[PDB]
Every structure is written in C-alpha cells, then in structure tokens.
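Asks: An experimental structure, sequence included, is below.
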Amino acid sequence: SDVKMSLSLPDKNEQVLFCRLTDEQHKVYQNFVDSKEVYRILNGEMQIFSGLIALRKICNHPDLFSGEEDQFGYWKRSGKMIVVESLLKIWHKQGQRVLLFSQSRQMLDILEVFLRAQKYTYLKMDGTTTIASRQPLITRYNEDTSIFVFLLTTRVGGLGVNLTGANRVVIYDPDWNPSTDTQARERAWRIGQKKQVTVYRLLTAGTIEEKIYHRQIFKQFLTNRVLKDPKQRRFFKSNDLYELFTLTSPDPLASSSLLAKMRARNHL
Amino acid sequence: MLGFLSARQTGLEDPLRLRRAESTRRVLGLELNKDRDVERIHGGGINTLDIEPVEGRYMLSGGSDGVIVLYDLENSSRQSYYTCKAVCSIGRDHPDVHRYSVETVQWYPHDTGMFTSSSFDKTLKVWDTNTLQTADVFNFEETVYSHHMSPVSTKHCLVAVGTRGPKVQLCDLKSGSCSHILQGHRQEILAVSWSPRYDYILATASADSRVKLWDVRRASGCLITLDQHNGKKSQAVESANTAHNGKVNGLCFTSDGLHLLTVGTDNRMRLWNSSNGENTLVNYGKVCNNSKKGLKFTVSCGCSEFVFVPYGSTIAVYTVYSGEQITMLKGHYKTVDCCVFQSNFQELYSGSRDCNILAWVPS
Ligand SMILES: [Mg+2]
C-alpha cells in the first residue's frame, strides 16, 4: 500500500464467496454432527482432530461415503465444486488464467479429475511432484498461456514461488493458519503481474469452514495488533469456543519528553 | 602552596596543576567533619547513597527500613556548623514506599527531576522528584541486588538490573521494555555498572566469581570475561576465567573509564584494563569484605585517582594505579555499606548499618 503507487501494480480484489452445501453434502454433514463421535469429542473423551478433519473433508467434498457420472469425486455433489465449475467456465470464456489452491492433496486429486472431465488444460504441483521439476513447471505456466488452470497445494504452491502468469486465484479450502492462505493468494499479485488479479476464497456457509475463517480472522487481528498498529478493533464476530461442530446453514532527551512518555504509558 | 599560587599567577604552571594538586591534598586531609552534621531519619542501616551528578547539591539515601530520604548538602545557613537537612522523604506513610530494604538509589543522569530506587521487594521504582510520586514500576521475579543507569547515555536510557536470577535485566525507560536480558552468568548478579566512557558497555559482577563486560547492542553475549591470571591457568571456558576466588560483589569504573575496580569476597580488590579485561596486577593488599549483597564503593574525580572502599566499619582509601594504602576513615560503629564522593569539594558521605550518614570533609 505504501509501495503500490511507487511500483505500478495492477488492481486487486479479495472477494470471499460463501458457498452452499448441497442436499447430499448437507445430509452427510448433519449426520456426522449428530453422530456419537462428535458427542464423545464434546465430552473431552476423544481428540478433536478426527471430527475437525472429517468436517473439513465433508465441506471439501463428501469423500467419506463415496457415492454413470457417479464416480468418486463427482463435482455436482459439492457446492464449492459447483461454484468452481461456474467460475472456471466464466474465466475460460474471458480468456484468463486461474490458480486453483487446496489445503488437501486428496481434494487436489478430486479437482484434477474434475478438470480432466472438462476440457481444461491444467498443470499440477503438490508435495508428491519431484522437487527438480517444480521450478520448471512454474516456468512452464509462466511461459505459455495455453495452460489454463494451475492446481496447487498451499504448502508447496504458496511459499515464495512466482506465478505472475496466473491472473485469477481461487483458494478452495480455508486453513487454520491465515498465513498459508495469504501467501497462496499473493502468489499471483507480485512484481511482474501485468493484469488485474482477484482472489476468490471459498467457504461453505454455516459449516466448519466459516468457523475456521473466523479463527484466522482473529489470528490476523492479533497479528495486525503488533505489526501495523496497536489500535486494532476487538474481534467481536464470535467468542471462538468449542461449538464449531454445529451445522447452521443459512436461509539526549531532556528528561521531559522522556518523563512525559513515562507518564502517558502508565495512564494507558 | 604559596609556590603553587605564585606559579599559577606567573603562568609557570597551568591552573590545572594547582587545581588537581589541591584536590589531592584535600582528599589526603580527609577527616571526621569538625562542623558538619547530617540529619538522621533512617530507622535502619543506610544501604546506598547517591549525590546528583549535576550541581552535586542533593543526596539520596535508601535505608534498610525501605524509606528513601532526600537531603540538601548545601550550607544554606550562615553558620560554619550546619546539618544536611532532609528535603524530602519516601517514608513509611507514603503510598508507594518500598516494603523491604532499598538497596540502590540513583539520580537520573542529565537531570535532577527524576530518580530511581531498587529494593529487595523485587521492584525498581522510577520516581518523579518534584511530585515525589512513582512515575513507573518494573517488577522482577526475584529480589534486586543492584541497578545502574548509564551516566553517559544521551541516546539510550536503559537501567541495568542485577537480581538473584542469573540474568542481567535491561529495563528501557523509553517504551517500558523489561524483557531484554543478558545470559552468561550462573548465580546472583551482585553488582552492575555502566562504563562512563563507552555508551553501551556494561560490567556485571555475579556470585559465580566472574565479571563480564557486555555490549548491550550486541547479540553474542559478553565481550570480555575478566581472568585473575590472564591465561596462566587456561582452561576451556566452563568454570575457569574467574575474576575472584569468591563472590564479586562490587564494581566501579575509574573516572576516565579506562579501568575497572572489582571487589570480591575473597578479600581482594583488582584493577582491570577495561578494553581487554587484562588484570593489571595492582596489589591493594587485603580488602576486608564479607558482604552477602552488593558492595557500593566509589572513586575520586578531578585529582592529581583514589578509591574509597568500605572496609569493615571504616573507609579504606587506596591509590588506584599504585595500590598504596592512603588511610582509614574511622568513625562508624558498624559495617559501612556505602560511600559516595562529592567531587566538587573532595567530600565523602558514608552510610553504614548504625543508622548514620557521616560526612568526611578535608581538614
Ligand atoms: Mg522469496
């Protein structure tokens, strides 16, 4: 912001779409939050991780109960995948290049299958790809615009690489750490980006994903409290308790300036 | 001395000569004050004294009863006999009085409008001298043995605090930051003293028999560790390179800041080259101290240099660079805890466990 005017970067947008669980996805989510495992979690008997990861998987796509055109990972069974399908169609008809992130390798494979189901020319880079080929791959996506979508895991696709060839960026799945998402979204808006970029951060409304978004907003506020200014507004959207298992789908100083600073600080 | 005046008038000798020679002669003629007295207000022993660096008029004194008394040393009366009256007092009725003994009190350098006091109540309080109210308090997890503000720093305003913790705390007056600590000691840090010459050089003496010099700006620990033998008994640095054979409970940079005087519980004082910590092997004989806490001793200034060390119930005056014993100032009834030197008139003020502050004036 203090360098953007002195660097001639293009415009940026940071929209946050609140996606809607499908009937089948909503059914699986409601069945899980009504299951006995989450009940045991809320009683402190079991670790929270199983339920947390299960809910994140359900919001990503119902790959718990793998339900032709009914193969594993079919796009129409997940709301976020429906939104991604619409966005990819629009952007492809607009002749733009998209950077599709995911927290989960399995969800990245599902997105890859959905992309081959369409005619989109993709290019994938996750933790399994050999390191020696990663910088080449990036250069490929930065060089020829025939490649449309760049699939990424936020841990490898983020974190310092340059992907200015990408124009749109879509963060498919929120993470507990805000910084993962931040670096993933700044993979495109960098020195050398000659086109307007926008970030679409997909969350399922009233699910665990919205709660994770709230947790990481709280974390971002805590960070801004000490990085940019200490007048940060308190996080009031939620109390951040252990009720994220619920489905709530919508719808020289001369001793005087120094003494003054001492007096003012104590008064605070 | 008429020779000195004649040489000054005739330009034979620089007036510097007369000034420093007469300062030395006055210090040598130090004796129990004939016509001077100090008001008695401490119910317990005086652990520390500090005359303000600018104008040298007012003196702070912290007692073992926790009160802090502020005296005026100037003879505002017309008689030749006067008592150093107490201007102000953090007494037992003050809302912010220290709950336990005040062990170090220090005027803020560059200005007399503020002072600081550290106590065994685990607090370093910063007091506004005018309103006489605590401007700031810095709480510590363990009792404070000593503290010191840099007498030179126009840039930083750090207070180096030595507690029974093995860490030297650096409390920044600016943006109240007591988080900074220095690692490298192993037992209680009984004395701390900033270099009067170098802005960021701090000497710390701890009960592990070691004295360390730190550049507080630096990120790599202490600069120098003082070693008695300078290398004769050389070993990988885990327990060797000790400054003394006991607890080093007192530090004092010389007036120019080129040497460091360390007094330890092995009944020895040592003089160290402050630039590389080499022992100068000045003898000083046996300097009796058994204090379990910090020992406050000072050096002379503006003379042709002396060091005044508490020695039992006396003040031992030594020549810093030769070690020759000048004299014993003998007027206290119990062990002397502190002595502070008025450089303007070559005077001395000693506080001891007998609830007395005695003034020594040149005869
Ligand atoms: Mg980088």
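Replies: Received, thanks. Numbering: from 1, shown residues only, chains lettered A, B, ... in the order given.

Asks: and chain B, which residues reach chain A?
Replies: Applying C-beta under 8 Å from any C-beta of the partner chain, we find that chain B lies next to chain A at B:108, B:110-111, B:113-114, B:126, B:128, B:135-136, B:153-155, B:157, B:173-176. C-betas here are computed from N, CA, C, even on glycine.

Asks: Repeat the analysis, applying 10 Å as the threshold.
Replies: Contact residues, chain B versus chain A (C-beta under 10 Å from any C-beta of the partner chain): B:108-114, B:126, B:128-130, B:134-137, B:152-155, B:157, B:173-176.

Asks: Report the buried members of those residues.
Replies: B:108-114, B:126, B:128-129, B:134-136, B:152-153, B:157, B:173, B:176 (16 or more other C-beta atoms under 10 Å in any protein chain shown).

Asks: Among the residues of chain B next to chain A, name the ones in strands.
Replies: Among the residues of chain B next to chain A, the members found in strands (DSSP state E) are B:114, B:126, B:128, B:134-137.

Asks: Report the contact partners of residue B:24.
Replies: B:300, B:302-306, B:319, B:346 (C-beta atoms under 10 Å, 6 or more residues apart in numbering or on different chains).

Asks: The ones in strands among the residues of chain B next to chain A: which two are farthest apart?
Replies: Maximum pairwise distance in those, criterion C-beta to C-beta, is 13.6 Å, between B:114 and B:137.

Asks: Report the set of residues contacting both of these two.
Replies: B:126-127.

Asks: OK, contacts around residue 180?
Replies: Using chain A. By C-beta under 10 Å, 6+ apart, the neighbours of residue A:180 are A:101, A:103, A:153-155, A:158-159, A:171, A:174, A:216.

Asks: try chain B instead
Replies: B:158, B:160, B:167-172, B:216.

Asks: rerun that using 7 Å as the cut-off
Replies: residue B:170 (C-beta atoms under 7 Å, 6 or more residues apart in numbering or on different chains).

Asks: measure it to residue B:119 for me?
Replies: Distance, residue B:180 to residue B:119, using C-beta to C-beta, to the nearest Å: 21 Å.

Asks: same check, this time on residue B:265
Replies: Residue B:265 is 23 Å from residue B:119, by C-beta to C-beta.

Asks: more neighbours, those two?
Replies: residue B:119 (23 against 20; other C-beta atoms under 10 Å in any protein chain shown).

Asks: which residue packs closest to that one, ignoring adjacent ones?
Replies: Excluding its sequence neighbours, the residue lying closest to residue B:119 (C-beta to C-beta, 6 or more residues apart in numbering or on different chains) is residue B:98, at 3.9 Å.

Asks: Quickly find the element holding the one you found.
Replies: Residue B:98 is part of no helix or strand when elements are defined by DSSP states H and E.

Asks: where does the residue of the stretch 101-250 of chain A found nearest chain B land in three-state SS?
Replies: Using C-beta to the nearest C-beta, residue A:230 is the residue of the stretch 101-250 of chain A that sits closest to chain B, at 11.6 Å. Assigned state for residue A:230: coil (three-state reduction, DSSP: H, G, I helix; E, B strand; the rest coil).

Asks: okay, now it: neighbour count?
Replies: Using other C-beta under 10 Å: residue A:230 sits among 8 other residues.

Asks: before we move on, the earlier item: got the contact list for the residue nearest to residue B:119?
Replies: By C-beta under 7 Å, 6+ apart, the neighbours of residue B:98 are B:66, B:117, B:119, B:121, B:123.

Asks: if you set the cut-off to 8 Å instead, what comes out?
Replies: B:62, B:66-68, B:90, B:117, B:119, B:121, B:123, B:125 (C-beta atoms under 8 Å, 6 or more residues apart in numbering or on different chains).

Asks: Residue B:271 too?
Replies: Counting by C-beta under 8 Å, 6+ apart, residue B:271 touches B:259-261, B:279-280, B:282, B:284, B:320-321, B:323.
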